[PDB]
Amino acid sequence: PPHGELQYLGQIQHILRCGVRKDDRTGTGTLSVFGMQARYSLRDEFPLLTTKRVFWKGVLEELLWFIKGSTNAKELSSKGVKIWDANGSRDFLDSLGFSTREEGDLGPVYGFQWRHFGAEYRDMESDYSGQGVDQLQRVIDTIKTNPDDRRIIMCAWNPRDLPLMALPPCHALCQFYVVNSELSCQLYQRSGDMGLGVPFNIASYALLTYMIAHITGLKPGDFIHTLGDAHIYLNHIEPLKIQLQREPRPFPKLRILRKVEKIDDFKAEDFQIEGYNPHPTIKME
């Protein structure tokens, strides 16, 4: 009765067996399935994949960067995490018509949507204090005062702001749920590169759930990963096949090293991944 990492590997196998050939904007080509769902227990385990090493430092720094409301790729890059740098480049920005935008200015992406949904975006340096909807703090407040609420949603998909963004968000929304003192999170991810993006994305939302569980005095329950276009790039098939034959090691644990009161107060040094024993990195695309 597959659990943990086997859910992810079962998804890869399903796409290899049942996915259909489908081109993408890059003309690379994929095998693709529309609509998948996996459940990862968070109960005394943290779903950082072991069949290939996941970029944990990237996961953690990106999430803290989102939490601070930043839309400046330079602020993430300064932490040694370069994953958004190409989308903030001078050439890239110009290709989108944003010639007067300063380098690094991703537009109203995750950070802005999460803390200031509906505010008027100006640039990455503007003071947005008190503007728009602080969905992250509202989620936290609702969990505290009305844990049964069926509307605990944080939504990054903002149709009005899409044309200003460097890239449209893949993580369109997430929803939280509480029962029996456990906090669960479901992510709606519209588009998933199973080889390169998805392991990172699972660890991101499991981490967010651990953070909010910590702040609200609850235990982490499940992370439910829902995909729209779940795809494997054709040039990832052979590497993933090698990966698929590797035995998972038990998932590590995540420790939070002090009592933290407010979501904005977490720092990277507050977190420790314990007993992570991955098989070596597998290079993909």
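Superpose the two forms; the largest set of C-alphas matching within 1.5 Å is the rigid core. Numbers follow the displayed sequence, beginning with 1.
Colleague: Output the stretch, either 164-172 or 138-146, that has more C-alpha displacement from this form in 5 other deposited structures of this protein following superposition by the rigid core.
Modeller: Between 164-172 and 138-146, greater C-alpha deviation in 5 other deposited structures of this protein belongs to 164-172.
Colleague: Following superposition on the rigid core, is the mean squared CA displacement, expressed as RMS, greater for 250-258 or for 28-36 in 5 other deposited structures of this protein?
Modeller: Result of the core-fitted comparison in 5 other deposited structures of this protein: 28-36 deviates more.
Colleague: When the other entries of this protein are compared, is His214 unmodelled in at least a third of them?
Modeller: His214: modelled in all of the comparison entries.
Colleague: Using a one-third cut-off over the other compared PDB entries, is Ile83 one of the residues left without coordinates?
Modeller: Across the compared entries, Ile83 is left out in at least a third.
Colleague: Between 65-73 and 252-260, which has the higher average C-alpha B-factor in the PDB entry?
Modeller: The stretch with the larger average C-alpha B-factor is 252-260.
Colleague: Got a sec? Mean C-alpha B-factor, which is higher, 214-222 or 32-40?
Modeller: It is 214-222 that shows the higher mean C-alpha B-factor.
Colleague: Among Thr209, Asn201, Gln135, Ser95, which carries the highest Cα B-factor?
Modeller: Comparing C-alpha B-factors across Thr209, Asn201, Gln135, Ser95, the top value belongs to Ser95.
Colleague: Could you say which of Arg151, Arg90, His171, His116 has its CA atom at the highest B factor, as listed in the PDB entry?
Modeller: In the PDB entry, the greatest C-alpha B-factor among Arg151, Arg90, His171, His116 is found at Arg90.
Colleague: In terms of the CA temperature factor given in the entry, to which third of its chain does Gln189 belong: lowest, middle or highest?
Modeller: Its C-alpha B-factor belongs to the lowest third of this chain's values.
Colleague: Is the Cα B-factor recorded for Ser99 in the lowest, middle or highest third of its chain?
Modeller: Top third by C-alpha B-factor.
Colleague: Looking at the C-alpha B-factor of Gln11, is it in the lowest, middle or highest third of its chain?
Modeller: For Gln11, the deposited C-alpha B-factor lands in the lowest third.
Colleague: Should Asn180 be placed in the lowest, middle or highest third of its chain by the C-alpha B factor in the entry?
Modeller: Top third by C-alpha B-factor.
Colleague: Is the Cα B-factor recorded for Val109 in the lowest, middle or highest third of its chain?
Modeller: Ranked within chain, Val109 CA B lands in the lowest tercile.
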